[PDB]
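The residues making up each chain are set out below.
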Amino acid sequence: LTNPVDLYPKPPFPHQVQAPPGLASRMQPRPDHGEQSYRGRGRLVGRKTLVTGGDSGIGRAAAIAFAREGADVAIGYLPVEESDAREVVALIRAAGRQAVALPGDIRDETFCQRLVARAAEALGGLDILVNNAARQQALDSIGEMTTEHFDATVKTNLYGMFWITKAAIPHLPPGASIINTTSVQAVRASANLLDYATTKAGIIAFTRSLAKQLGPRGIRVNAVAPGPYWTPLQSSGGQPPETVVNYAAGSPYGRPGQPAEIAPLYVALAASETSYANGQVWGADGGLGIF
Amino acid sequence: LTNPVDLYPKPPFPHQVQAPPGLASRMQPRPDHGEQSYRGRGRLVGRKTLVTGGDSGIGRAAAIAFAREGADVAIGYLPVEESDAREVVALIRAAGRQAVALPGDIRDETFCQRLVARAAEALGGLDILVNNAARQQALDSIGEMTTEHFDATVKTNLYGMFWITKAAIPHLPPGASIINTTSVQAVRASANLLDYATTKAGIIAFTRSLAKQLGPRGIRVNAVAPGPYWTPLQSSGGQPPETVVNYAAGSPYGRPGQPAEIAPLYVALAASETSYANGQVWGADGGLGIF
Amino acid sequence: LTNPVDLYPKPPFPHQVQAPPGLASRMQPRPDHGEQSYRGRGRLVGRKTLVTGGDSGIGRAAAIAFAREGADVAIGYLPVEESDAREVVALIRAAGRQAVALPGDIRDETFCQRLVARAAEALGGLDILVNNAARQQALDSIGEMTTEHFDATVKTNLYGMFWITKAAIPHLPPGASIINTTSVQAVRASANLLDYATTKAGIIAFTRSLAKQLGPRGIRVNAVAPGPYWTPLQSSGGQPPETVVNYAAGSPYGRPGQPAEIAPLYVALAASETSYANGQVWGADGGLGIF
Amino acid sequence: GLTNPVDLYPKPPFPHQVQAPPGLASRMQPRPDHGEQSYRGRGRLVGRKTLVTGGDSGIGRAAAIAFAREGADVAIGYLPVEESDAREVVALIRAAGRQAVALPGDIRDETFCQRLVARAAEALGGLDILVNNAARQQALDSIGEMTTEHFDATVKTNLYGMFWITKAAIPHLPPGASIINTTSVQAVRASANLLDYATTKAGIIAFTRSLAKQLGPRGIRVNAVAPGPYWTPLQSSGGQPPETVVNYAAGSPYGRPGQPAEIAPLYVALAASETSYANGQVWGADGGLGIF
Ligand SMILES: NC(=O)c1ccc[n+]([C@@H]2O[C@H](COP(=O)([O-])OP(=O)(O)OC[C@H]3O[C@@H](n4cnc5c(N)ncnc54)[C@H](O)[C@@H]3O)[C@@H](O)[C@H]2O)c1
Ligand SMILES: NC(=O)c1ccc[n+]([C@@H]2O[C@H](COP(=O)([O-])OP(=O)(O)OC[C@H]3O[C@@H](n4cnc5c(N)ncnc54)[C@H](O)[C@@H]3O)[C@@H](O)[C@H]2O)c1
Ligand SMILES: NC(=O)c1ccc[n+]([C@@H]2O[C@H](COP(=O)([O-])OP(=O)(O)OC[C@H]3O[C@@H](n4cnc5c(N)ncnc54)[C@H](O)[C@@H]3O)[C@@H](O)[C@H]2O)c1
Ligand SMILES: NC(=O)c1ccc[n+]([C@@H]2O[C@H](COP(=O)([O-])OP(=O)(O)OC[C@H]3O[C@@H](n4cnc5c(N)ncnc54)[C@H](O)[C@@H]3O)[C@@H](O)[C@H]2O)c1
Ligand SMILES: [Mg+2]
Ligand SMILES: [Mg+2]
Ligand SMILES: [Mg+2]
Ligand SMILES: [Mg+2]
Ligand code: NA
Ligand code: NA
């Protein structure tokens, strides 16, 4: 037994702006993605996985967990994040599994198609897809939101997911899983996250509808809804700098989550024994009590 | 007192297919938008309103009610719907008010700006905005959903709303109202409405976030969530023809709604007396009991 | 047009505590239930209504509005609230309608039955029922919550509603309306409102289930979900005194609602024209954006 | 490897099979699968000390088996008439090498709730996983037929019982402990024939969320699980009418109800010490209804 409250760092944190998408290695403190704590138990042996945004944050924690549970792992990421991605590749390989690094921008439809084709070719198949990449850039007013800002968030968080998922489904055998990362913002819908929250609510409806389409074919589609986590998405403008300094201070634990803490949700949803979880949204928000 | 169950038509309806967006005048029965039944009582006197998709369906019922409550009304619609729109223009003027007809495709960002500008110019201002136009085209499988189909739905239902709303805010005085039409599909998320349900959940988060931005400025932003209603959106491919024949037969009333029935929600949300309703989603789904 | 933000008082409010259920006339400032501002428009002429907790707060605002819309009104309240209740009786009569005053404790099943029977007898019928009375007593820890405390909340807010509603249904003709007051606490579920939040979530499910039972029989059942409002429920222990002093200071308007502002929801849900609103939860929370 | 979940378990139609409540799993046709043969532990709850109400049958039985195989000692509550189901669970717990405790009694009685927790904690040498899973569910088509006795039995079992047990348990729970409450998709599906039941299941979610905010700061996590339709005696003893039971979940995306075996992984995942930022959550497993 461990008290979860003081298991991880609490605010205040140092001032630390990065340009998006940021690097985990440059945060203060660096996030804990489970590098030391996550121990596998053979729960996903021989599975074949693609995790978008697997270089850092929640995607990285999921990639590490999958590899240690016996799964081979391809990760997508943006080229600017190469130094974070190389760490994850090294962690996958140290677990004795195959790692594939597939950099590119999922706003580009033809890249989405190439990404899935090359992941499946490299792995000799595909049977866990995690749509986790996201753009998040806070703005206090719609007056400041250009079409370029709105479009970048929607193209990353909705179109990219649509294109990748559509390309993936012909590869996925019965027994496979799709997992989409959404956010408590889907319904908390902060004033400063107008476009982001719009997409995160959309992801949940997409998940539920696609689960009804694919469930009869033996493919399960689910979503994970984090509350506030210590990731480069936040310190590179997902929240303003002063919010980052005091991130989640007012929450029940008085601290943000660390990515390590949410990896178990992804493993549980993908595992073959969790066979009646389909169309679900599983939250991990530290007591906000949203999903 | 009237028993609502028996107040309006019940299925089965005759087999009837139209190409989208369809005409209300070609439905059997023609929808009841309140042309004979809605009596105004001075609840929106002198208001200045823009209703997208005001030619037919729910938007037409809202436009008729607004005019009879003393508001001037501009309606958007697509050019092929001119014969429906002309009826709404005549109903607005018959109530003694000013009508403005503004056909154009809201997937076009520049038309969205033109629509708002011309509505405000003609009416001498703008203080009720109703984002109600939508695309809905049922498809049973993501495998048959093209990027063109997905994009048409997202550009109509999310980008059009964003562009129109952003262009309208500089016109809106303290005390104004924005109302966005969403759907029970936001959470019912049927297998055959993958892109549509995505957008309708998005609209709710957009409403909630914008309400937190604009509430402090004195502008209220709310959503209306219809269940199934008898409109040309459904018989022009929003549902497959045999579902249209049997539309809402399984509901608690055993019948779909008629547009007339939901107009009162739009009047109540816009009324100045409803001054602490902001960020809300008000349902009218006949007992499905969703919002 | 008037800015709704500045329409009503903002905190801080004087330190003030009353023994429950409290009196509206002893609050500082006295609440606005629409005594001067609510304008009837002939929307409920000849209806026959029973409002529990109609002496003060939201129920008082609804009772004034119903009378001004042309309905006869019976109000329930606790005997110690006679001084608040007689003001409401006077306002109903000033609107030209019949008032009935029916004090008693709805935790008493036999009283619940007498209440409904005497209301219908005195009015000559019954066709709007508003279950609005509630108990709310904040407590920081379950360790301090006696069975007596938990039972008082559940018996008032769940059993009382059940008994009154069961007794009323044989009187209610097709076309009648039942409205249940719930709370954003149903899902906000504050730490200090453990028993209360339980009951308010229960009320929503009760509303939805009963709407599916009675909808087919021509009786609509709906719920209203207020956010924070300035009523004696709060300064008599519903929130601790320092919260009352700063009540809703952190909300988008920076003020709580006044009961006057939510009356239009009760009128709209009761009106015959709102005929496809059944099983709904309509929020009025000032921009929290919950229901 | 990969298995198609659609046809992993039996589909309707099932034979007519009314039981008087609370019913016995051994008298269902077919007998439910609680994971007796299939669930393999992996040392995820070693040394934990657990109390599961309604652990004789159904979802609670599946949780009990999984907890024991993951290394936890397990006390179960149930009603005396279910002794024959409970004795099987006791044997499954012991065969995993754990301590089992059988604590029959009716949780509508406040005094029994207090003694249930005291006796569970005493027998196990502590308590650090509480699963509030017992429930009453009796379908009725109209409120006119619903007596105060019927309403009260559902509310006393599903809300008051949970309240009394939870309150008595909290002084025993150390930091790192878990409380898990079983709710239902009926919390928001709110069928016409489950008026009192749906009321309580929505109530359970608000109770979970509020208590998570109370206890989270002290290191105790409070969460809920939201099943869709599962093959259990709660349904065939009147939770649904007989014709619905015959065709249970035929119209769902898989065309079949869940078997309790399938939901046990949710209870293990919520309780595990590594799942340390899950608090106040409602995790659904409804086979594609897509509710929680
Ligand atoms: N951190 C939080 O507080 C929080 C809260 C709720 C939800 N979430 C969700 O967490 C998920 C993972 O993000 P995170 O918080 O772990 O942060 P993160 O920055 O570590 O991960 C986001 C990833 O998105 C990828 N990405 C962004 N734009 C891309 C593009 N155009 N092409 C390809 N890849 C792109 C990047 O590789 C990046 O690593 C996101 O879906 C986000 O919505 C996070
Ligand atoms: N009818 C239902 O069962 C139902 C159910 C839930 C929600 N809704 C919502 O109701 C709203 C109104 O639809 P309705 O059912 O009254 O149908 P409708 O067909 O009468 O109205 C939809 C309108 O959208 C407009 N429109 C569509 N694409 C457009 C474009 N590219 N540019 C400009 N205008 C465009 C058309 O003018 C059309 O009249 C929509 O937002 C829809 O999502 C309808
Ligand atoms: N004021 C808020 O901030 C707030 C917030 C959310 C929801 N609500 C809801 O608003 C509704 C009305 O409360 P209000 O805020 O207007 O406060 P209020 O105190 O003015 O009204 C509550 C009324 O409940 C009645 N009542 C209480 N116990 C009773 C009993 N045993 N028997 C008979 N009558 C009894 C009393 O007559 C009292 O006037 C309640 O259902 C409450 O849950 C209020
Ligand atoms: N089976 C489904 O379709 C379904 C669907 C949604 C939710 N649920 C939930 O699942 C949970 C477990 O039930 P189940 O479906 O496994 O059925 P089940 O019949 O196997 O378990 C319910 C148990 O409740 C216990 N119980 C009932 N009344 C009691 C009392 N007064 N005192 C003590 N114990 C009492 C009995 O021991 C019984 O075994 C319940 O909380 C129920 O709400 C079930
Ligand atoms: Mg990164
Ligand atoms: Mg049209
Ligand atoms: Mg009072
Ligand atoms: Mg049993
Ligand atoms: Na959930
Ligand atoms: Na609502």
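Residues numbered from 1 in each chain as written, not as in the entry; some residues may be left out. Chains lettered and ligands numbered in written order. Heavy atoms only, no water. Residues with missing side-chain atoms left out of burial classes, pairs and counts.

Chain D carries the name Short chain dehydrogenase in the PDB entry, which gives Burkholderia cenocepacia as its organism. The record lists its title as "Crystal Structure of a Putative Short Chain Dehydrogenase from Burkholderia cenocepacia".

Put simply, the rule is: UniProt positions are given in the numbering used here, feature names are shortened, and annotations may be inferred rather than shown by experiment.
The name given to chain A in the PDB entry is Short chain dehydrogenase, with the source organism recorded as Burkholderia cenocepacia. UniProt, in its Sequence similarities (unreviewed entry) section for chain A, records the words "Belongs to the short-chain dehydrogenases/reductases (SDR) family."

**With respect to the environment of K200(A)**
Residues and elements named next belong to chain A. What counts here: For the purposes of this entry, the term helix denotes a DSSP run of H or I that reaches at least four residues, the term strand denotes a run of E that reaches at least two, and both are numbered from the N terminus. The buried label applies to any residue whose accessible area, calculated with a 1.4 Å probe on protein chains only, is under 20% of its type's maximum; exposed applies above 50%, and partly exposed to all values in between. For this analysis, residues touch if any pair of their heavy atoms sits within 4.5 Å. In the analysis that follows, any N or O atom pair within 3.5 Å is treated as a polar contact, provided that within protein one partner can donate a hydrogen and the other can accept it, and provided that, for residues neighboring in sequence, both atoms belong to side chains.
Relative to the helices and strands, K200 resides in helix α6 (residues 194-214). Relative accessible area serves as the criterion here: at 2%, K200 is assigned to the buried category. Expressed as a C-alpha distance, the spacing of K200 and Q280, which sit 80 residues apart in the sequence, is 14 Å. For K200, the residues in contact, after removing those within four places along its chain, are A134, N157, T181, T182, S183 and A186. Polar side-chain contacts of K200 include one of 3.1 Å to the backbone oxygen of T181.

**As for the site of ligand 1**
Residue and element names in this part refer to chain A. Our working rule: Only a single heavy atom is needed: when it lies within 4 Å of a molecule or strand, its residue is near that molecule or strand. Here, Shrake-Rupley sampling with a 1.4 Å probe gives the accessible areas, and only protein chains in the shown set may cover a residue. Any residue that is not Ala, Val, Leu, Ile, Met, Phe, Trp, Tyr, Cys, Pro, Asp, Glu, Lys or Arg is counted as polar, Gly included; the first ten are nonpolar and the last four charged.
Neighbouring ligand 1 are 29 residues; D55, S56, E81, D105 and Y196 lie closest to it. Here an oxygen atom of ligand 1 sits 3.1 Å away from a polar atom, N or O, in the main chain of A134. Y229 is positioned with one of its backbone polar atoms (N or O) 2.7 Å from an oxygen atom of ligand 1. Notes on ligand 1: free accessible area 810 Å², of which the protein chains cover 97%. Counting only elements with at least two residues in the shell around ligand 1, the list comes to α1 (57-68), α6 and α7 (232-238). Looking at the shell around ligand 1, the element that brings in the most residues is α7, giving three residues. In terms of residue class, the shell around ligand 1 is made up of 13 nonpolar, twelve polar and four charged.

**Quick look at the site of ligand 4**
All names here are of chain D. Around ligand 4, the structure places 30 residues, and the nearest of them are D56, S57, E82, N133 and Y197. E82 places a side-chain nitrogen or oxygen 2.6 Å from an oxygen atom of ligand 4. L234 places a main-chain nitrogen or oxygen 3.1 Å from an oxygen atom of ligand 4. Relative to its free-state accessible area of 810 Å², ligand 4 is covered by the protein chains to the extent of 96%. Elements with a minimum of two residues in the shell around ligand 4: α1 (58-69), α6 (195-215) and α7 (233-239). Looking at which element gives the most residues to the shell around ligand 4, the answer is α7, with three residues.

**Digging into unusual backbone geometry**
In this chain, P12(D) is followed by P13(D) through a cis amide linkage whose omega measures 5°. The omega torsion of the bond from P21(D) to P22(D) falls at 5°, within 30 degrees of zero and hence cis. Looking at the secondary structure, you find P22(D) in the segment before β1 (49-52). In this structure, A189(C) takes a positive phi of about 50° despite not being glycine. Among the structural elements, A189(C) can be located in the loop between α5 (185-188) and α6 (194-214).

**Quick notes on the coordination of the magnesium ion (ligand 7)**
Residues and elements named next belong to chain C. Quick reminder of the rule: Distances decide who is a donor: an N, O or S atom must be within 2.8 Å of the metal, or within 3.2 Å for Na, K and Ca. Water is not included, so sites may look incomplete.
Coordination sphere of the magnesium ion (ligand 7), protein contribution only: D55 (OD), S56 (OG) and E81 (OE), at 2.0 to 2.1 Å. One chain supplies every donor to the magnesium ion (ligand 7), and in sequence these donors are spaced D-S-x24-E. A residue pair is termed long-range when its members are at least 10 positions apart, and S56 in the loop between β1 (48-51) and α1 (57-68) and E81 in the loop between β2 (72-77) and α2 (82-94) qualify at 25 residues. Its relative accessible area of 6% is what places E81 among the buried residues.

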